[PDB]
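Here's the structure we're looking at; comments come further down.
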Amino acid sequence: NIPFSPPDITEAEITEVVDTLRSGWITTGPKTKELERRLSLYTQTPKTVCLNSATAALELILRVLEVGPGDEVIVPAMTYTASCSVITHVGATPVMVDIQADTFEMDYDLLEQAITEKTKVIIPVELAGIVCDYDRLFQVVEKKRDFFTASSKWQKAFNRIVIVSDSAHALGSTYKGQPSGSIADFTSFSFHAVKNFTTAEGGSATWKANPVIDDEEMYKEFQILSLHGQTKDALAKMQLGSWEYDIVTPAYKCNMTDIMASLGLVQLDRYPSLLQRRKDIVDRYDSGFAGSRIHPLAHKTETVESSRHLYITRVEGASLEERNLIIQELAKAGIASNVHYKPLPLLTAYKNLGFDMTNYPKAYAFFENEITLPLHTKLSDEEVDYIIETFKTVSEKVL
Amino acid sequence: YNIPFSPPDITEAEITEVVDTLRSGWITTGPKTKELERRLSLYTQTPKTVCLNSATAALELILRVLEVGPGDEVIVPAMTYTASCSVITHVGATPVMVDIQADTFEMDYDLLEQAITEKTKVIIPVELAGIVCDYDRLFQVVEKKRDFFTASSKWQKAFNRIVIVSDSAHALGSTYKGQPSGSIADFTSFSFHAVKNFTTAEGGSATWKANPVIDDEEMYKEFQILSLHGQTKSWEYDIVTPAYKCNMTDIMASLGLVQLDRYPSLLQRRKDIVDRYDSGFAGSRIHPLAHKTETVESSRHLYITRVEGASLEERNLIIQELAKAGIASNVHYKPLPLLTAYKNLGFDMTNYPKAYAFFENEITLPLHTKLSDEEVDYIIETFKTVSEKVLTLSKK
Ligand SMILES: Cc1ncc(COP(=O)(O)O)c(CN)c1O
Ligand SMILES: Cc1ncc(COP(=O)(O)O)c(CN)c1O
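So the protein lines, in turn, are chains A and B. Numbering-wise, PDB author numbering puts 49 at position 45 of the first sequence, and it's gapless, one number per residue. Residue numbers for the second sequence, in PDB author numbering: 4 to 236, 246 to 408.
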């Protein structure tokens, strides 16, 4: 009975959390700070802001950029709701763009056509750990510069559409040897229970090195937005009784605890071997399914080395009904599986805001025959062999 | 002596419970959060409880469940923490601040009446330091102004009046006329932040008192949906609304389950500390807010005191002198209109002079369950001497 995504937690993680629980710092403290430092080294970015979710990280990026009512934010039609929800939270207008025929990525021609005078941010999603075609994306925003008009402080520092990576799945992924985090202008990460790297709940915001961003000043802004808008002046912090503070904006509550950071520090030590195990599982699946009607998204390309978060596959010539039936047959054989994703316009939330599935047929076609197999580091080679064999047999029989 | 203001009280039992969660398959929201909700509902005498990642999340989702938004008004005291008021601006509603009484943190209820309009949807009283507000008076007020109210949402229709939502961040275990906090106001939000009496390092809850016109399961489902991206549901699920991410992990719940077992003895210790302070300061110019009244038995979260005849400058000086003697202290609170955030939205400190007068001479002493009776004795004695000296230097 093979589960889809159980957590891989050892005694080292437990010992580190216990150490936090014997200290005076059980919420944001020295270990969150240390995790930020070490994650910045790993993602090859100057500073990292650890928070309580990727959804928090993604939303604060937008709030730092002061994206708001009147502004537009392009998102793929094929993604998880959290990529798009944050756009509605800040009051901006989501603009969905349909995807390509071979891949989850946005059709970049349609992306170009979708850009307007109101466009402030593109949010590509590094689905399953596979990083998007960023050469193409930066080409597009440069080309469409002068549609852009800066209506905020940080928008002025860039003078173009800002690319913000939804890297929820992509910690440790690379694009042309560069780590995710260091490619897009801003990037958000998830450390949710079911991700490769986890703090049960948690996430981060980072940004690549850019001459027009003071990194300390940018970090201070995230911190302020994450901890109720609280600031202290230099006088108040020097004083022995440092009680006095101001609230500059009526902000949010999404800081990371040293409980979560503890988990993070140990996960990050163990992460390169967890990636290797994930690599070995994917390669064994790839052999197994070669020459079959089961077509996996490629986690190793000319440009990309994926984190290998999700084993997304599509079954050739399978209808919606036939897909649903395969998944149930997989479960009767004790193999959990999933679907990434219903395109956003199938969801009641986005229907209700006027998004219609017929404008994004490639997204629907991706969804129709998609099946995600288990990919985690508690799977054995025998379980992988069984999933391969069963999935091939169950698909044959249904067809 | 170097006495900290609010260190966390964490034992091996809490660590063993978290470790147990870390060996299970459920490291985020799982069976222990569910169990914590159940047990908290029994403790607060409410039917259902929603455990979340902060009181700020709990308070904000209450507002979003009630569909409080642009055009609506929410009354809050001028004397409170920013989190009481921030959530009002987050949903797009308009905050209405009301000044407080001369003797106490509570809103002046005459001014509260006058502040109510056709737009008013919610009053958020704050149970400051664990002291629960005058709810007989508050329900009298909303009932009196009942014709001003019109329900412009589903859950507003269940009440047909202004909804009272308790900011009980400090008040888990407090009671008003024998009733537990949680069971008095229409909705109540709790904080389990590191510095609170009951803690999960970060965490909180929303609950609501028993009301015939609220299906409790249906209300709970709505909170869950808003807390976990709008998801409802065997792969298939729908997202009904583009919602939020504020669920509680079984890591935090673990801490909660053990804290709740230990909580009645932590309250008793806090009771003993407060009583020793009360003796110490009797007949002095140090005037504590009362944690035991005719109506209230406080959780005893904060030992709020005001020093009679101390100016702003003299107060700031006392706090630093307290620190030179190794006694940490704090101020609850700057009135909201002193804060840059609320200044910028047009709130002006001169409309709330009682709130300012409360702030001016307020000093909060340490009240936590790592304090010894010797440390309490030293704080009593020092605070009396440091106040005497600061006033003598000023007269000179
Ligand atoms: C593609 C994508 N984007 C964003 C998120 C947000 O993750 P989190 O729960 O950490 O906010 C997730 C997972 N929830 C995801 O799968
Ligand atoms: C009076 C009051 N209200 C609300 C909050 C918000 O609590 P939390 O940090 O758990 O969101 C706080 C801070 N614990 C507070 O002191």
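Where a beta carbon is used, it is the ideal one built from N, C-alpha and C, also for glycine.
Just list the residues that DSSP pairs A:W211 with in beta bridges. A:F190
Would you identify the three-state DSSP class for A:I18, choosing helix, strand or coil? In the structure shown, A:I18 adopts helical secondary structure according to DSSP, grouped into three states.
Start-to-end residues for the beta strand (DSSP E) that takes in A:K124: It spans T123 to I126 - the beta strand (DSSP E) in which A:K124 sits, taken as one unbroken run.
Run the proximity test for B:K199: is its beta-carbon closer than 7 Å to any non-hydrogen atom belonging to ligand 2? Checking every heavy atom of ligand 2 against the Cβ of B:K199, one is found closer than 7 Å.
Three-state secondary structure (DSSP) at B:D106? coil
What are the residues in the segment 180 to 213 of chain B lying within 8 Å of chain A by C-beta distance? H196, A197, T202, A204 and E205
Just checking A:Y84 against ligand 1 - is the residue's beta carbon closer than 7 Å to any of the ligand's heavy atoms? yes
Against chain B, which members of the segment 20 to 47 of chain A pass a CB distance test of less than 7 Å? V21, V22, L25, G28, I30 and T31
Go to B:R41, then tell me how far its alpha helix (DSSP H) extends in each direction, as first and last residue. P34 to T47
Exposed or buried, which one is B:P276 when buried takes at least 16 other CB atoms within 10 Å? Exposed is the call here.
Buried or exposed for B:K366, please, with buried defined as at least 16 other CB atoms from any protein chain shown within 10 angstroms of its CB. buried
Rounded to the nearest angstrom, what separates A:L334 and A:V135 at their Cα positions? 29 Å
beta-carbon B:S87 near ligand 2 non-hydrogen atom, thresh 7 Å: yes
Can you list the residues of chain A that B:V343 reaches, using a CB-CB cut of under 7 Å? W247
DSSP three-state label for B:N373, please. It is coil, neither helix nor strand.
Of the choices A:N200, A:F152, A:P128 and A:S155, whose alpha-carbon is the least far from that of A:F190? A:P128
Please list the terminal residues of the continuous beta strand (DSSP E) segment that includes A:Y315. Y315 to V319
Provide the residue span of the alpha helix (DSSP H) that contains A:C136, from first to last. It is not in any alpha helix (DSSP H) - A:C136 carries neither H nor E in the DSSP assignment.
Using 8 Å for Cβ pairs, my map puts A:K124 next to A:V71. What's the rounded Cβ distance? 5 Å
Is there at least one non-hydrogen atom of ligand 2 closer than 7 Å to the beta-carbon of A:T32? no
Closer than 9 Å between beta carbons: that is the criterion. Which residues of the segment 249 to 274 of chain B meet it against chain A? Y249, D250, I251, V252, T253, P254, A255, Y256, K257, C258, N259, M260, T261, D262, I263, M264 and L267
For A:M110 versus A:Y364, is the C-beta distance shorter than 8 Å? no
Would you say B:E130 and B:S171 are within 8 Å of each other, going by their C-beta atoms? yes
Below-8 Å beta-carbon distance, A:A96 vs any chain B residue: No Cβ of chain B is located within less than 8 Å of the beta carbon of A:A96.
Fully enclosed by the segment 134 to 172 of chain B, which alpha helix (DSSP H) runs are 4 residues long or longer? 138 to 147 and 157 to 161
Does B:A337 have its Cβ less than 8 Å from a Cβ in chain A? Cβ-Cβ to chain A under 8 Å: no for B:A337.
Could you check whether the Cβ of A:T203 sits closer than 7 Å to any heavy atom belonging to ligand 1? no
DSSP three-state label for A:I392, please. helix
Using a Cβ cut-off of 8 Å (strictly closer), state whether B:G233 contacts chain A. By the rule that beta-carbons nearer than 8 Å mark a contact, B:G233 touches chain A.
For B:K401, count neighbouring Cβ atoms within 10 angstroms of its own Cβ and tell me buried if that reaches 16, exposed if not. By the neighbour-count rule (16 or more Cβ atoms within 10 Å), B:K401 is not buried but exposed.
Of the listed residues A:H313, A:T235, A:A16 and A:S44, nearest to A:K224 (C-alpha basis): Among A:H313, A:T235, A:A16 and A:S44, the Cα nearest to that of A:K224 is on A:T235.
By Cβ distance, which residues of its chain are closer than 8 Å to B:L272, with the 5 residues on each side in sequence left out? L39, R42, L43, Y46 and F201
In the DSSP assignment, what residue or residues form a beta bridge with B:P347? Answer by DSSP bridge pairing: none, since B:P347 is not bridged.
Closest to B:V388 by CA distance: which of B:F152, B:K180 and B:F293 is it? B:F293
C-alpha distance - A:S155 paired with A:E221, whole-angstrom precision: A:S155 and A:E221: Cα-Cα distance of roughly 19 Å.
Mapping the DSSP letters down to three states, classify B:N342 as helix, strand or coil. Note: B:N342 maps to strand in three-state DSSP.
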